[PDB]
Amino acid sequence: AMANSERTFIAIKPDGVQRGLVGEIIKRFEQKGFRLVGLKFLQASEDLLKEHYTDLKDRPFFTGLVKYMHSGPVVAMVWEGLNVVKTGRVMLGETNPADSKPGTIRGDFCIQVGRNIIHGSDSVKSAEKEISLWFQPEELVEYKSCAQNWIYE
């Protein structure tokens, strides 16, 4: 119930993996001071993706999104820290890469909406839902970062 232990779901999409951005993206979260809790590599099924993007069932791009997210492996991640959901999105940049600012992950590394390299949860509620959807509870590891007292007061 601690603010500093909030968690978010970050997924590196198949274009991110294919273009070699996995380390660069993870690096950005480490240097910010957030803590890695969950990490895995899989080719997501369409049933998983249909559940993940369930709020978009009725959008013309939903079919192409589900099937594109299936077309290659993704990196699934859970990161933990104070306001990690909100600050994650800031670090990611705007969902539509056209408006992402240089310095953000999307603003620095991608161009088009169908190919926006990354996803991050839009709310603490979406996060807990997405974490449970992609991770099993035993796949989430907690540890104390040696630099915790220098990240948090």
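Each residue number is its position in the shown sequence, starting from 1.
Taking the PDB entry as given, 136-144 carries the higher mean Cα B factor of the two stretches 136-144 and 9-17. The question of which stretch, 115-123 or 53-61, has the higher mean Cα B factor is settled in favour of 53-61. By the numbers in the PDB entry, the CA B factor is greatest at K67 among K27, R89, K67, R106. In the PDB entry, a CA B factor belonging to the lowest third of its chain's modelled residues is recorded for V37. Looking at the C-alpha B-factors along this chain, the one for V85 belongs to the lowest third. In the deposited entry, the Cα temperature factor of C110 sits in the bottom third of values across the chain's modelled residues.
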